[PDB]
Each structure stands twice: as C-alpha cells, then as structure tokens.
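Encoded as structure tokens, the structure appears first; notes follow it.
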Amino acid sequence: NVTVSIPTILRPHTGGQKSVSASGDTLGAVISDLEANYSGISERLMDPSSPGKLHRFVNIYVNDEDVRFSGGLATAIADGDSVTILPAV
C-alpha cells in the first residue's frame, strides 16, 4: 500500500483521479505497477531517448526526497511511503 499523487496532466491515465494506490519495492516497480492499472502513464515519465532514465522535465519525489538523489528508479520504497510526480519547471 503506497499512495501516488498524480499531476493534472497525467490524470487522464487515472480516470481523472488526483491520487491512486500502488506497490513495488522500487520506484521502477511502482511505475510498472501503475502502468499495469493505468495504461500509458509510464511512457510519459521515462526518457524516450535512454532506457531506465527518467524524463528530463518530470520530477518524482519519494516522500519529499528527490529520487535523482537516491538512485532514480532504483530508489527503495517502504510501506506507507508516498510518491509524487510533477512537471519540472
């Protein structure tokens, strides 16, 4: 049980839900899980150029920690952690 906050731009993939539930031990695992339930979400978060690397203009925090500082998709994920996707500015 982790909660994922979805930014306005990606709510189509989630039937307009602001927030959805997911699970995985890593950010990677949570991403492909959301994909599982909410088709098309995933390509929008990844860099089209190089695999496994997040998109230049997307931010993702696991609980207030920027994943770019904790291993990106390898970033470890605990029960009741929260995840937050946001367009970069």
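So for the sequence shown, PDB author numbering puts the first residue at 2; every next one is plus one.
C-beta atoms are modelled at their ideal positions from N, C-alpha and C, and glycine is treated no differently.
Give the range of the beta strand (DSSP E) segment to which residue i is assigned.
| i | result |
| --- | --- |
| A23 | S20 to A23 |
What is the rounded straight-line gap between the Cα of residue i and the Cα of residue j?
| i | j | result |
| --- | --- | --- |
| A77 | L55 | 16 Å |
| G73 | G41 | 20 Å |
| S71 | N64 | 12 Å |
| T4 | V21 | 6 Å |
| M47 | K19 | 20 Å |
| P8 | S51 | 23 Å |
Report the CB separation of residue i from residue j in whole angstroms; it is logged as a contact under 8 Å.
| i | j | result |
| --- | --- | --- |
| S24 | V84 | With a Cβ gap of about 11 Å, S24 and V84 do not count as contacting. |
| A89 | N60 | 5 Å |
Taking residue i as the reference, give the member of the options with the closest Cα.
| i | options | result |
| --- | --- | --- |
| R57 | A30, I86, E66 and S33 | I86 |
| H14 | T27, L35 and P49 | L35 |
For the alpha helix (DSSP H) that residue i lies in, which residues bound it at each end?
| i | result |
| --- | --- |
| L87 | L87 -> not in any alpha helix (DSSP H); beta strand (DSSP E) instead, spanning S83 to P88. |
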